[PDB]
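S.K.: This one's experimental. Sequence and coordinates below.
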Amino acid sequence: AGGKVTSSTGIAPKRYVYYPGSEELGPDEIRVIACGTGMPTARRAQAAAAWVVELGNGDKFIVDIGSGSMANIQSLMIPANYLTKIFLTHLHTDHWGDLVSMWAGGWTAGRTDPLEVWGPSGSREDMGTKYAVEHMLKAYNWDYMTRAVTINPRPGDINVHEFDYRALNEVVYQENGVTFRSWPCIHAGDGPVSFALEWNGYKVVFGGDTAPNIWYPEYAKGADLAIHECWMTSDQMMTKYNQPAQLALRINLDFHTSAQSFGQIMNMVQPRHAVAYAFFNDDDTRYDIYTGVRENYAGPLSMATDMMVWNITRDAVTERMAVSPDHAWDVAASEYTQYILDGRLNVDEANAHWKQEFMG
Amino acid sequence: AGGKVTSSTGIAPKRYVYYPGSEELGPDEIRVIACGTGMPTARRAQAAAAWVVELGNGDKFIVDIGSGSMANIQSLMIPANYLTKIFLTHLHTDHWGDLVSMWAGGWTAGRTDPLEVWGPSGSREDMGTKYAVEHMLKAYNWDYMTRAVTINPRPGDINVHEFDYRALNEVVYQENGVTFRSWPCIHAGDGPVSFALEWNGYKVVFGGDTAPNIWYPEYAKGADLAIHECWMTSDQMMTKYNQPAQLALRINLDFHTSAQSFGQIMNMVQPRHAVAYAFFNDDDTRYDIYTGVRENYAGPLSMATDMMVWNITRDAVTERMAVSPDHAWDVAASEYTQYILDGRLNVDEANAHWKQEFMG
Amino acid sequence: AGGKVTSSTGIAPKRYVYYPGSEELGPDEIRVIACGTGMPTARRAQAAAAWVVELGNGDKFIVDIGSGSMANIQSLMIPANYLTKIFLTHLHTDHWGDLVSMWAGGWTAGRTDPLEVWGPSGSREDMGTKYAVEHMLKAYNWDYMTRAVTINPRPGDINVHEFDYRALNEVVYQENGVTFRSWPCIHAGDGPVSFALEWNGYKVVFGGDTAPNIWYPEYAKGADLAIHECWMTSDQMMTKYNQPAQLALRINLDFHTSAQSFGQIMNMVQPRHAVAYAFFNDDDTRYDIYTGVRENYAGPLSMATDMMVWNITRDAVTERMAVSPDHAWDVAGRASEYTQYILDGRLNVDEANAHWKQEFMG
Amino acid sequence: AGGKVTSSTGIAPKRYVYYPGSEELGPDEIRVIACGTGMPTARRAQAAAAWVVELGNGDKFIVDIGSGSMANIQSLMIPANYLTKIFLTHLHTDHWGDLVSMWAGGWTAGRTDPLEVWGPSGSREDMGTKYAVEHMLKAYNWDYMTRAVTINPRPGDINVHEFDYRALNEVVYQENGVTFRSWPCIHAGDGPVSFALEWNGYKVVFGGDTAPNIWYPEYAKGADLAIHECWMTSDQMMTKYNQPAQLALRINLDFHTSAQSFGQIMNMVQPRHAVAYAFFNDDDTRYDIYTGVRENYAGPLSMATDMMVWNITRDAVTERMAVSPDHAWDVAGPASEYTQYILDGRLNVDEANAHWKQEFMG
Ligand SMILES: [Zn+2]
Ligand SMILES: [Zn+2]
Ligand SMILES: [Zn+2]
Ligand SMILES: [Zn+2]
């Protein structure tokens, strides 16, 4: 597997696992990274939905940032500064739960620019992202204000860029050649939207969560990498959750997007590479799902789990697995009252030795 | 290692690892599990500050619920209804940033009763727990309201218990013979507490975060298990973060408790078992931080890391590691317009085959 | 998942993962753990072929103990005294490589009984398991002998039970209502076999390695669990190894059972549950190997990986993943080879130890 | 931590982890991977003792290669044909046990060259390395002869270079500016030796296993990277294994090198970077072992675990963790034993295979 090693001291070229930080990115390359691939419940194996896009121009975007995902992203050896721009498909906890870890993380890590979040609005004001993020920052006021004694604020504020969720394929973004176009989803209630990044002959479709809609097959068409929701079987639902045979069925026909329906949809889209996510990829579950997609779609497919990579070049769409550090490191008025400051225990004696050495 | 097997087919007694869900709790026993141990930065090896505490009476608490920790908490195979009661040592994102995941996740899981959150105030309204939770709830108002349509809204409530943070070893919880006292800590700004849980002759202190203070050594005294802040050395702060000498020195005095500071307090508390946490537990870090302590403290110590489980009985406080599933499962007006509902693609065909087959 | 938790302080019943040590085995129960599911080449994620079998009568068996398999076998919290019977499907390193780890290992851990090894004959004396095991024990004579000074030599023996590789589903082991049958495979050269375990009306079959043969479909028939080679797709053979098209083809027809061949074999046998192993279980191999079998076989299947476990009861063959300590420990259940030339090289370490030596002696 | 990123599309320099295959080794640089730090029992967390060296010249050695070390070694993305030369400290299974996965593996991992194995003699022929390997090849006879049939058997040769164990720092290897010297060790029985690697004024000592001996401290002097046995405290011997204090107390004074002896030795040696191994590095064990070193040694210290790497440059000795593939694949470098009683067993699967064969061949 991977390229042929030439010299004993020489670097293995075209490695068959992706080491984040180790590889140059082509001007005519994209590098996508599943930093989140599972849904409702948490699990070391699968963070909540989160993707890292890396364009050869230098522009990098996080599309969804759910609970768990921050751990994987931080393993990518990418400084805080470069990951400022965030794109949410809906306001489910497991799509932007970990914005605050980023928000707070990056600020302590030395991020200089404020996070820019694009999201869908709601049917009313309190159902949108402008509201959601506005209340987040209020929620974490005790964090914000304390930190904003010792660190310049600006990297604390969040420039939100809300749009109309109802809008069919309209332009939500356009800088440095990169375009994002959002369109609606039929999931839980009004607001949820699917994205389509377009840049340098390349098209990448983020499906977020949706029961099958007529806006995906249309605006997806002829994409390098197309990601869409693709769910457990109605059998597996009964097994795991103890569901009965009417709820189990409907969940795959009404509320969510089946495998067998995920297939038909991509068959319509004809992407360079289709990507099925948002299911617990386990030894007892993953297979039956793959046999669904196959019924009605026979093109290049990735059954997504955490830290799966796509290198979109001209010639090919190559899937690999990232192998990244678990012991990950970041890479490069007073909120005290005199009632708290007058408590400081004397440790001047306990610490005199190490200090002395440290100061000589 | 562990108990002596007494039959081929029988269970291994006093096993050398803790297998979550596999062991009965005794009546005069306490299980504390570290589900978070690792400062603000994200990494799979170490979730943010989170502890699960099981008492023999049948009560169970969570003390801090920082980003990531829900992946460790959920692996303990505990029905979400038993984990309703949550004590917050403060409102850093790395202490309560995964309550949201608990809130939403646990409600899909099947929590029937609301979440109960014990936290401090600030030195004004918009710096305390009552304010952060109500603004966290409004933050996720789309998630709340969409789910409410299809699941009774009762569990989606959070009952907030603001305590006064100023208070100096004063009761904040007294139910079923279990008594939580708080006291202030010196960290970021006014607000952060430590917790003393008392029950059936046991005492378990949760430090949280604190520069050395005159209250912890007094109020934690003789604790069966004593958890305190322990930072990484002022060389280590230069090595990893590129920090200057002047700053790195300061950090292990003003901002955080040194391993040496940590040693003094533990000398002055003389607990049955000490625990250092909050430092990154690595090959290249752990040994100088462990030594830092040994300058002053000599008795029993754990160097904390995710899924360390303490067993507190009359005779011993025994250290082990929990071995738990990464592929974890849970254990037992509309917000749609007719503009979105119209959008449904037709997949009666593609789903026909499996649909007919499942129904018999 | 699993069973409903009925008390706060009590035990989770029927847990969805298998914690080894943690479950009692009922008398009509069979537990099978995959301790090695991997190809010829080493990898942490997958040990070479190994299987641990637990029958509810108290009897246990390892079928194959290939390279890297002991790390998984040790993780099951079974005392060495309980794992002394080892069956080999052939003498590929990838199938008995770690025999010498269990032998030397267990003898430290404190095993009292010799190891017992059933293995095929060859066409001739020096292609069989008696010859193999004789010359392993010669290969590791410095360990056998040095260890024998300090530890009783009895358990450092290995009684070999060589059977006839040519024999068509004949008994190789009959003991305490347990039967092992062997039949031939078509693999590397003459030697290799499959096994059928017959106990309490249960039939577990360990296929080993073999190009599709006429013996497996016949004898395995109606197995409770039937374990069979399931190779990686010729396409993947090109991609991964840069194999020229026409060679890759030959491998999936001639030298190893392809997924469709496995799919055909398992329709004929009609097992309660069918296991594919041998192949590298990756995010970019497993699925088309599943596709392959599903073309030809429709009933209950597992796609093997390390620490996969089957419990066989009258009512079910349930598949879980085991969750097992990486930081594993052993669970408890003649003249000197020194000359004074080497003994006169010791260092005086009375000073530096004094402090821990004083304290520890109180 | 590590070097600064100064480009968005760029390679991040001086990374705080080591990504095997990803780093260019310099002329004035040695790279030392622990491919195995473990004890006599199996655990996934720690293979039995093994080491890989890669020298700035291009030369690459394995020092010891114990059971379950081949996973970690395969994870390094080094072609098999670059890991030809093997040195054994002793004939403990936990030190050479995975020479047979190297031999069978490497062959199918692209080794065209035969194995060179340097090991020590014992008190007699049957206790040397010549004999061990002789009989190892004889163990896997079935493996050899089937494998070789239609192939060149060259890389199937293990050339053993056996030296005297009682020879005091006498050269056992001199090739392309690399020197290996050996002295004895006190351990089990006359035979175990400890190597020193010399090259470009670099000294890298490979202890092996030994109770404190007078030799190591002399010949390991001014080491760049001095590796040595370090045992668990006599406490951790009573806790886990249930030893009486007497035996527990003695284990650490008589048989094995105590944390305090380890430190007494490295103070005598004065190495640029010492390396304790050969203990189960666990959350309840590692701390009482560091301390017992620190008693009598204050130099740069590594507490060894599987996949730790040391970069030996002119300016420093930098310790790191290797981040590597669990899904390991080999990387490409630059009379038949069948009777017709077995080849007459081949099943018809021409139907089943028809669909995929047609697709693949077009
Ligand atoms: Zn959703
Ligand atoms: Zn804090
Ligand atoms: Zn074979
Ligand atoms: Zn040894």
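M.R.: The structure has been received and is ready for your questions. Numbers count the residues shown, from 1 in each chain, chains lettered A, B, ... in the order given. Ligands and ions are numbered 1, 2, ... in the order given.
S.K.: so what's the residue positioned nearest the centre of chain A bridging to?
M.R.: In chain A, the centroid-proximal residue (CA atoms, centre = their mean) is residue A:50; its distance is 1.7 Å. Counting by DSSP bridges, residue A:50 forms beta bridges with residue A:36, residue A:65.
S.K.: Would you agree it is in contact with residue A:69?
M.R.: Yes - under the criterion of CB atoms under 8 Å, residue A:50 makes contact with residue A:69 at 3.2 Å. The C-beta positions use only the backbone N, C-alpha and C, and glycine is treated the same way.
S.K.: On the three-state scheme, residue A:350 is what?
M.R.: coil (DSSP: H, G, I helix; E, B strand; the rest coil).
S.K.: Was I right to think it contacts residue B:265?
M.R.: No - shown here, residue A:350 and residue B:265 do not form a contact pair, counting by CB under 8 Å, at 9.1 Å.
S.K.: the more surrounded of these two?
M.R.: residue B:265 (27 against 23; other CB atoms under 10 Å in any protein chain shown).
S.K.: Got phi/psi on the closest residue to that one other than its chain neighbours?
M.R.: Distances taken as CB to CB, 6 or more residues apart in numbering or on different chains put residue B:217 closest to residue B:265, at 5.2 Å, once the chain neighbours are dropped. Dihedral angles of residue B:217 (phi, psi; degrees, to the nearest 10) stand at phi -60, psi -30.
S.K.: wait, what's in contact with residue B:217?
M.R.: By CB atoms under 8 Å, 6 or more residues apart in numbering or on different chains, the contact set of residue B:217 is A:345, B:264-265, B:268-269.
S.K.: do residue A:300 as well
M.R.: So residue A:300 contacts A:271-274, A:317 (CB under 8 Å, 6+ apart).
S.K.: So which of those wins on neighbours?
M.R.: Counting neighbours by other CB under 10 Å, residue A:274 leads the contacts of residue A:300 with 28 neighbours.
S.K.: From residue A:214, how far out is that one?
M.R.: In this view, residue A:274 and residue A:214 are 18 Å apart by CB to CB, to the nearest Å.
S.K.: Likewise for residue A:182?
M.R.: Taken as CB to CB, the span from residue A:182 to residue A:214 is 16 Å.
S.K.: Of those two, which one has the most company?
M.R.: Between residue A:182 and residue A:214, counted using other CB under 10 Å, the more crowded position is residue A:182 (28 against 14).
S.K.: Would you check that the more buried one makes contact with residue A:166?
M.R.: No - in this structure, residue A:182 is not within contact of residue A:166 by CB under 8 Å, at 10.0 Å.
S.K.: picking up where we left off before, could the contacts of residue B:217 go into a markdown table alongside secondary structure?
M.R.: Output for the contacts of residue B:217, formatted as a markdown table (three-state DSSP):
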| residue | secondary structure |
| --- | --- |
| A:345 | coil |
| B:264 | helix |
| B:265 | helix |
| B:268 | helix |
| B:269 | helix |
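S.K.: Output the residues you listed in TSV; the columns should cover distance to residue B:202.
M.R.: Converted to TSV, these look like this (distance: CB to CB, whole Å):
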residue	distance to residue B:202
A:345	26
B:264	24
B:265	20
B:268	20
B:269	15
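S.K.: Many thanks, we can stop here.
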